[PDB]
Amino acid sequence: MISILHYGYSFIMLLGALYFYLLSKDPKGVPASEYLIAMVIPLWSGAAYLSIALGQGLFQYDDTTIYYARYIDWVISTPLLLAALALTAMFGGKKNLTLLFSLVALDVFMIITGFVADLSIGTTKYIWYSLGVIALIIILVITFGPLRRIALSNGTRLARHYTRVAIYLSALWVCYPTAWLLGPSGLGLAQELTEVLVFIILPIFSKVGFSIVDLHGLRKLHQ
């Protein structure tokens, strides 16, 4: 069932990428870079999850299963998602690449701390986990602080769309560290099968879902 679920995930990611390619042919005032980003995220995630379906993207550490392919996925896909968010706030204005790369730096560190925490035992696990959570808090502060102020400077309609997308992303992202802690990698209150379902359903909304809401909103500012 675990294998079948991952095949299904990869196929949905493929259909996501195809949809975003079609949208790109009729760009409606949205730069090609934002369509490229929306295509790479699902394609990369699909390939990583395919490696799990084929039983290559995991190994047995001590007496627990590490799905390391998830981290290979997230270390590319999550920074690209934060880029898409930042570029949404900056739509019709000057780009602030310093703020954008600050988010990329924080995000990559967040994902690495998660991978190391999964490979750690005892107290050490929760030291790394904690550093990742602090990284996520700072990303949220930027998202609702300076980045939201840039969105406001680009007009009411854009700011309203940015706020909607920011809440959508924020809501989904806080679920990842929560699920991680409750599942086998953490306290082990939740079963493997449960965690797998969560890390199949969340990414679908986090990747393909986010980009639909994000791109449709921007295309609507053109009509």
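Counting begins at 1, following the sequence as shown.
- Between 56 to 64 and 153 to 161, the higher mean Cα B-factor belongs to 56 to 64.
- Look at the C-alpha B-factors of 115 to 123 and of 130 to 138. On average they run higher in 115 to 123.
- Remark: residue 191 belongs to the highest third of its chain, ranked by C-alpha B-factor as recorded.
- Per the PDB record, residue ranking by Cα B-factor puts residue 181 in the middle third of the chain.
- In the deposited entry, the Cα temperature factor of residue 36 places it in the lowest third of its chain's modelled residues.
- Ranked by Cα temperature factor within the chain, residue 197 sits in the highest third according to the deposited record.
- Residue 211: CA B factor lies in the lowest third for its chain, per the PDB record.
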